[PDB]
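I'd like to ask some things about the structure below.
Ideal geometry is used to build each Cβ from the backbone, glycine not excepted, and the neighbour counts take in all protein chains shown. None of the figures in this text is laboratory data; all of them are computed from the coordinates on show.
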Amino acid sequence: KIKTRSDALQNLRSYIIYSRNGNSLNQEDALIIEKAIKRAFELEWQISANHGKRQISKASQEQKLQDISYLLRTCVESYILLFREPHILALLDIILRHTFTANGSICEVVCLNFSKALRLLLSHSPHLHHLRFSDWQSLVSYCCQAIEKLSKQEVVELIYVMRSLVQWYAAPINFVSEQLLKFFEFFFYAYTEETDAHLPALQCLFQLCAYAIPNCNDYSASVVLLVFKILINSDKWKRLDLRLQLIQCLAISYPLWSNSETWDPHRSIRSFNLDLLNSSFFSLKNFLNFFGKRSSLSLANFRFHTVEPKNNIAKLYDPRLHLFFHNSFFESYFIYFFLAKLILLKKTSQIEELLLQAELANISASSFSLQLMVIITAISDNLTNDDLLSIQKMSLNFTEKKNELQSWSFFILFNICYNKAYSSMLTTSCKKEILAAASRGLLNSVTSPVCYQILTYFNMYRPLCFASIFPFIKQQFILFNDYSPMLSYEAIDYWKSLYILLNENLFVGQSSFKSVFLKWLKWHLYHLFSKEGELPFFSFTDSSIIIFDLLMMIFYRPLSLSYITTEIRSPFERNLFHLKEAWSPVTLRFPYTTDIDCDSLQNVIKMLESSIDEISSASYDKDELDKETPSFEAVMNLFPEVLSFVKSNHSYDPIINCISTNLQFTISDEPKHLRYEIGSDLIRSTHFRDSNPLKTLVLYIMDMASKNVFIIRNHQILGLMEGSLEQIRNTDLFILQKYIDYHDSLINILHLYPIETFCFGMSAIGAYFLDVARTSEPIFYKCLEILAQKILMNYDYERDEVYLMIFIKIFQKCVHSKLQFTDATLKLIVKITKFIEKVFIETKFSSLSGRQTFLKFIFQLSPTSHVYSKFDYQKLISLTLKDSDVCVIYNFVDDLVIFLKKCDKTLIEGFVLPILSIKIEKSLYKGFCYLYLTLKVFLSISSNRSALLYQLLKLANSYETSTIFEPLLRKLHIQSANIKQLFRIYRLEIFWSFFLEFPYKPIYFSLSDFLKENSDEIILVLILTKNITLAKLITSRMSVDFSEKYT
């Protein structure tokens, strides 16, 4: 009743509190009370139905609804505390029944708790994913109603969690493409002024539109037109913090926009985009997002291309990108550049003649100019004249070392060195002129970094000019100011050593100059950081052990130098929150193709290490000393280890020093990556064998004792930023602790790490999962079984995407010879496989980002190799072929290659039957283009070759084939042989099962060779030696002499 509702709210709060305090009342009793509460909510629905006929206190009815909502808040606290499968299902179904569309209005007083608990409680997947896909559709309908109800103020608070759950551990919303479009339209209808869901819902929309872009690009075009409206919408408003996500979404369109550049999404869209780019600069008036000049681009390097737009299409190479992973400051400022790049992206390919001079060309515009010389230059195809005109302004800027010069130097030198073409001999000394600015840096450490880093080498790096600097390369260094860490590390010395190693090219005293440089390396502002500004080659960086081992390679000895196995071991770690935002979508994109001296140095180093000043520098120099000790053993230092132990004892407070120590352990692994001290030895990790064994590891014993200190799922994101990387390194250290100790102890340790906590390190934990404490099979088998028993101890945790995916990935670590064990491993493997070939995946309800990995594991499941999948892997493959996903589409593209040398005759025929399908829709979505790719692979597959030819005949409607031209020779390097499609079997024998039988539209675009070939073959076509029927009625179409045919 009306008053009974408030009485129930008070009684529920009091009873829940009293039961929780006493703990005598059973959680089963609490679940029964929750069932009674759901019954009371159903009674509330019945009372509303009764009030429909005759009015009984309608305002008091809403008041009773609010009171029952308070009672439901108490009961929801109880349910979040304790959840039973029938009870959780009852609560969820009551929540679902709460939404009444028939009424046309809802109090929504209890609406706050629902989605918040859904995202917060019962996360482990039996309870959560117990709500099936139909429940997700119902949630979509509820969100659609909320869109009309919100701004229902609490509908926004619920929609926050709704957007959090929209792209889930498995989200089939994009699978519901009509529902996907409807929900996208609903989301676009409320361009929210302020919403925590705005960024996550827009990100889910961006991922879905990215999926829609290659396959069914028509829905992608509808979404893109909506985004075109949203672009001017963003051009209207101004709020920088939300503008971060707004620009993120605009950039999500931006790869698709660059796609649409070739064939205009709108021919006039460029001018509108230019206006919106002016609005983008206006929004970027926030000086926080600023110029890329001195972005400080930590860890930039040459010989590996850049990823600023993060699209492989550019082929632009190695721009020194702001690290943005420092703990990632510049990315949002880099966001400003994208806005600039956006206007730079804007042809209004059309601005160059005017964009040459008019622009103020500020540093904020200068970074955009660098982006121009990369990408707009890629899209430019500028002739010699345009480059001749453009280079003049940058050259003049370089002439005067004014404020215009410094921000220019990097981009200008990059444009000079890297371009569409090369240059003439006239600019020869001009490189030294370029070198002058770098010479300027060689003493001026501040502006130095790029100059001393890039284009200080390129003349050496590209042997495209006269060796005039053969005397002049050391000339700037001749200032006795060569020793400079001001730039990207080790570049100058290493490149110079290589260059002078040409042919008597080092026949000069410059080896002594290198010796002086190394001596400076020994004491370069000894025991402390020299400078405070921008920290290049900093102690702040992890290490460059290659420099430590370098000197011998720098030394010229007869065939003695050089090594292998650099082993970065996740050094860049570009992953970052606020960088991980676009990264997981940016992880995958598969658009359809279109358009004794060293002994002396070490001896002095001992005395140098006898004194130290700084602590972070202590870590850096400890790494240097340990690497030299590995380097010395290569030439052949427990004292450096003792010094590092002292430095560690100094950092007694935090564990991030132990994180630096884990970096040093990764350094040992990189020394271990080197075969041994002598090198080129069959022994692996022998170079770090002393580091690992207690001998020469007395200080490492102390570090291991430090490691012995006790101190949704943690693998939250498939595309995971750092910290999850920190979790991976932490698990590595966990392994390292027991490794130094010399499992049941490892079992108790992984028990100390919570299942949710230990869920983070997929590859890291999987490595130990493959590892066995002893060679005895039973112990490792029992440990793996205990791991499965812990994952399924809460069957929901096993049901969770994180734990099951961890098991799936660890299976690949278990994918090996495994000769010793032959007992029950397959049984537990199948017990896992029941939901490893996920029951969701079996129902095609698996993860989208997880879908490609699932196919990769299914291929990694190799029935043909040794042991077949007892359950038909062919059946799963056929279901997946019926199944549809863009990641699964690229997986299907790869599966044709995977089929080769892996098709057992029965399995081959089973796949061939699925390989046979005449599909119309997937061609525009390129799914049937993937089928045509499989058909070309079948042309590469002699097995069922006649079937391959039949599938060639039936596979192509020729829709998009003419423009494709064997994917412009990508599918077939020489199409013309099969462009005139008369295959060996096809040309020699008329294609047949053994009204025109040949489909002209599937055959070719024009009459071309098709009609004449058919006319020529008509004689064999009529009598096709499989039946006498083909002769009949052939003469009616032939309109030729019958007597001649009979002859």
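Take the residues in the range 702-726 that are out of contact with any helix residue (DSSP H, G or I) (no Cβ under 8 Å at 6 or more places or on another chain) and part of a helix (DSSP H, G or I); name whichever of them is surrounded by the fewest Cβ atoms within 10 Å (Cβ to Cβ).
Filtering first and then ranking leaves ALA705.
Out of the range 791-822, which residues are more than 30 Å from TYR211 (Cα to Cα), of a type outside the set (A, V, I, L, M) and touching a helix residue (DSSP H, G or I) at 6+ places or on another chain (Cβ under 7 Å)?
Initially, the range 791-822 is screened for residues more than 30 Å from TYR211 (Cα to Cα), giving 791-795, 813-822.
This time we only want the ones that are of a type outside the set (A, V, I, L, M), so: 794-795, 813-814, 816-818, 820-822.
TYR795, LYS813, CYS814, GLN820, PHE821, listed by residue number.
Here are some residues: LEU588, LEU625, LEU643, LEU579. Which one is in contact with a helix residue (DSSP H, G or I) (Cβ under 6 Å, 6 or more places away or on another chain), within 30 Å of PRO200 (Cβ to Cβ) and not charged (D, E, K, R)? Even if it seems obvious, please write down each step before you answer.
Details: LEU588 fails: in contact with a helix residue (DSSP H, G or I) (Cβ under 6 Å, 6 or more places away or on another chain); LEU625 fails: within 30 Å of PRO200 (Cβ to Cβ); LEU643 fails: within 30 Å of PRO200 (Cβ to Cβ).
Only one candidate passes the filter, namely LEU579.
Of (1) more than 25 Å from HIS124 (Cα to Cα); (2) within 33 Å of the chain's Cα centre (by Cα), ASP690 satisfies all except one. Which?
The failed condition is (2).
Of all the residues that make up the range 658-678, how many are part of a loop (DSSP other than H, G, I, E, B) and surrounded by 19 or more Cβ atoms within 10 Å (Cβ to Cβ)?
Filtering the range 658-678 down to residues part of a loop (DSSP other than H, G, I, E, B) leaves 674-678.
Those left that are additionally surrounded by 19 or more Cβ atoms within 10 Å (Cβ to Cβ): 674, 676-677.
Final tally of qualifying residues: 3.
Of these, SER847, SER878, which one is in contact with a helix residue (DSSP H, G or I) (Cβ under 8 Å, 6 or more places away or on another chain) and either exposed (fewer than 15 other Cβ atoms within 10 Å of the Cβ) or not in a helix (DSSP H, G or I) (or both)?
Details: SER878 fails: either exposed (fewer than 15 other Cβ atoms within 10 Å of the Cβ) or not in a helix (DSSP H, G or I) (or both).
After applying the criteria, what remains is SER847.
State all residues of the range 388-418 that are in a loop (DSSP other than H, G, I, E, B) and over 22 Å from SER295 (Cβ atoms); if no residue qualifies, say none.
Residues of the range 388-418 in a loop (DSSP other than H, G, I, E, B): 400-402, 418.
Listed by number, the list holds a single entry, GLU400.
Mind checking whether some residue in the range 193-204 is over 27 Å from the mean Cα position of the chain (by Cα) and either surrounded by fewer than 18 Cβ atoms within 10 Å (Cβ to Cβ) or β-branched (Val, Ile, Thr) (or both)? Break it down stepwise before answering.
First, the residues of the range 193-204 that are over 27 Å from the mean Cα position of the chain (by Cα): 193-194.
Cutting the leftovers down to either surrounded by fewer than 18 Cβ atoms within 10 Å (Cβ to Cβ) or β-branched (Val, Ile, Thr) (or both) gives us 193-194.
For the range 193-204, residues over 27 Å from the mean Cα position of the chain (by Cα) and either surrounded by fewer than 18 Cβ atoms within 10 Å (Cβ to Cβ) or β-branched (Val, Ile, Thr) (or both): present.
Please go through the range 539-554 and pick out each residue that is more than 16 Å from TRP520 (Cα to Cα) and either part of a helix (DSSP H, G or I) or among the basic types (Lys, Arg) (or both). Steps first, please.
First, pick out the residues of the range 539-554 that are more than 16 Å from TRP520 (Cα to Cα): 540-546, 549, 552-553.
Across the range 539-554, the qualifying residues are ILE545, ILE546, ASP549, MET552, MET553.
Hey, can you tell me all the residues within the range 897-945 that are among the basic types (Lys, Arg), closer than 22 Å to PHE590 by Cβ and outside any loop (DSSP other than H, G, I, E, B)? Even if it seems obvious, please write down each step before you answer.
Within the range 897-945, the first condition is being among the basic types (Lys, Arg), and the residues that meet it are 901-902, 905, 919, 922, 926, 936, 945.
Filter once more, so that each one left must be closer than 22 Å to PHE590 by Cβ: 919, 922, 926, 936.
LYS936, the sole residue that qualifies.
Related question: Inspect the range 29-41 for any residue being over 47 Å from the mean Cα position of the chain (by Cα), of a type outside the set (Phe, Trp, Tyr) and within 24 Å of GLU154 (Cβ to Cβ) and give the result as yes or no.
The answer is yes, given that some residue of the range 29-41 is over 47 Å from the mean Cα position of the chain (by Cα), of a type outside the set (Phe, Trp, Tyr) and within 24 Å of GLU154 (Cβ to Cβ).
Out of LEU244, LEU225, which single residue is more than 13 Å from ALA582 (Cβ to Cβ) and assigned to a helix (DSSP H, G or I)?
On the way: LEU244 fails: more than 13 Å from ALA582 (Cβ to Cβ).
After applying the criteria, what remains is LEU225.
So which residues in the range 736-748 are surrounded by fewer than 17 Cβ atoms within 10 Å (Cβ to Cβ) and either at positive phi or assigned to a helix (DSSP H, G or I) (or both), if there are any at all? Walk me through it before giving the result.
Within the range 736-748, the first condition is being surrounded by fewer than 17 Cβ atoms within 10 Å (Cβ to Cβ), and the residues that meet it are 739, 741-742, 744-745, 747-748.
Answer for the range 736-748, where residues must be surrounded by fewer than 17 Cβ atoms within 10 Å (Cβ to Cβ) and either at positive phi or assigned to a helix (DSSP H, G or I) (or both): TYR739, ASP741, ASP744, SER745, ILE747, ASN748.
Still on this structure, please answer the following. Can you tell me which of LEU953, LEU948 is in contact with a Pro (Cβ under 8 Å, 6 or more places away or on another chain), in a helix (DSSP H, G or I) and either of a type in the set (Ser, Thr, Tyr) or under 23 Å from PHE928 (Cβ atoms) (or both)? If you could, list the steps in order and put the result at the bottom.
Values: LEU948 fails: in contact with a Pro (Cβ under 8 Å, 6 or more places away or on another chain).
When all the criteria are applied, what remains is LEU953.
Can you tell me how many residues within the range 34-74 are buried (at least 18 other Cβ atoms within 10 Å of the Cβ) and touching a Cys at 6+ places or on another chain (Cβ under 8 Å)?
4
How many of the residues making up the range 364-396 are surrounded by fewer than 21 Cβ atoms within 10 Å (Cβ to Cβ), polar (S, T, N, Q) and more than 32 Å from the chain's Cα centre (by Cα)?
Adding up the residues that qualify gives 5.
Could you tell me whether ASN174 is within 27 Å of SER125 (Cβ to Cβ), in a loop (DSSP other than H, G, I, E, B) and either in contact with a helix residue (DSSP H, G or I) (Cβ under 7 Å, 6 or more places away or on another chain) or of a type in the set (D, E, K, R) (or both)?
Numbers: within 27 Å of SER125 (Cβ to Cβ): yes; in a loop (DSSP other than H, G, I, E, B): yes; either in contact with a helix residue (DSSP H, G or I) (Cβ under 7 Å, 6 or more places away or on another chain) or of a type in the set (D, E, K, R) (or both): yes.
Taking the combined requirement at face value, the residue satisfies it.
Let me ask another. For the range 241-292, how many residues are closer than 18 Å to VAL223 by Cβ, among the charged types (D, E, K, R) and buried (at least 16 other Cβ atoms within 10 Å of the Cβ)?
Adding up the residues that qualify gives 1.
Now for a separate question. Among the residues of the range 485-496, is any surrounded by fewer than 17 Cβ atoms within 10 Å (Cβ to Cβ), of a type in the set (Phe, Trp, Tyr) and either under 42 Å from the mean Cα position of the chain (by Cα) or not in a loop (DSSP other than H, G, I, E, B) (or both)? First the steps, then the outcome.
In the first step, residues of the range 485-496 are kept if they are surrounded by fewer than 17 Cβ atoms within 10 Å (Cβ to Cβ); the result is none.
No: the range 485-496 contains no residue that is surrounded by fewer than 17 Cβ atoms within 10 Å (Cβ to Cβ), of a type in the set (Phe, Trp, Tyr) and either under 42 Å from the mean Cα position of the chain (by Cα) or not in a loop (DSSP other than H, G, I, E, B) (or both).
What about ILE80, is it touching a helix residue (DSSP H, G or I) at 6+ places or on another chain (Cβ under 8 Å) and either crowded, with 17+ Cβ neighbours inside 10 Å or among the acidic types (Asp, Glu) (or both)?
Details: touching a helix residue (DSSP H, G or I) at 6+ places or on another chain (Cβ under 8 Å): yes; either crowded, with 17+ Cβ neighbours inside 10 Å or among the acidic types (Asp, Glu) (or both): no.
No, not satisfied.
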